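Enquirer:
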Amino acid sequence: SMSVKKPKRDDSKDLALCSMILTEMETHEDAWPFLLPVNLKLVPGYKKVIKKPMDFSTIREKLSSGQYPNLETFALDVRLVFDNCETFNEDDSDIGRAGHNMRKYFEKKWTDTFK
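In the entry's author numbering, the protein residues as written are 1856 to 1970.
#1: Compute the Euclidean distance between the alpha carbons of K1917 and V1893, then round it to the nearest angstrom.
#2: For a minimum of 3 consecutive residues, which ranges assigned as the beta strand (DSSP E) are wholly contained in the segment 1900-1963?
#3: Starting from the Cα of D1949, find the closest Cα among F1889, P1908 and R1915 and give me that residue.
#4: Nearest by alpha-carbon distance to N1956: which of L1931, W1965, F1937 and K1970 is it?
#5: From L1870 to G1921, what distance separates their C-alpha atoms?
#6: Smallest Cα separation from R1958: which of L1872, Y1923 and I1876?
And the structure:
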């Protein structure tokens, strides 16, 4: 509350650290369904079903241009990528598995880096 603050967590490396995590996600061999926006003209259903499309390139641009106020807003867009994946893809599919794998991979790096 007013004039009463928890001790200041160092957040000065968060930008760089999220960038590294994002790089590692971009270079994972199962990143391919997630690298670019899903083509809304070419994938029937996507536009209507998926309210908030998200992909790694869009996260990369948002990061590089200061559109993430903090590391939680960044983690939310990353999770959104995998949540959309689950909404549109069967678990037993190449894309569906890639989603599960990438989410696991992300959540580990996230915990090891920040918790």
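Using N, Cα and C, we set each Cβ at its ideal position, and we do this for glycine too.
Expert: In short:
#1: Going from the Cα of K1917 to the Cα of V1893 covers about 17 Å.
#2: none
#3: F1889
#4: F1937
#5: 9 Å
#6: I1876
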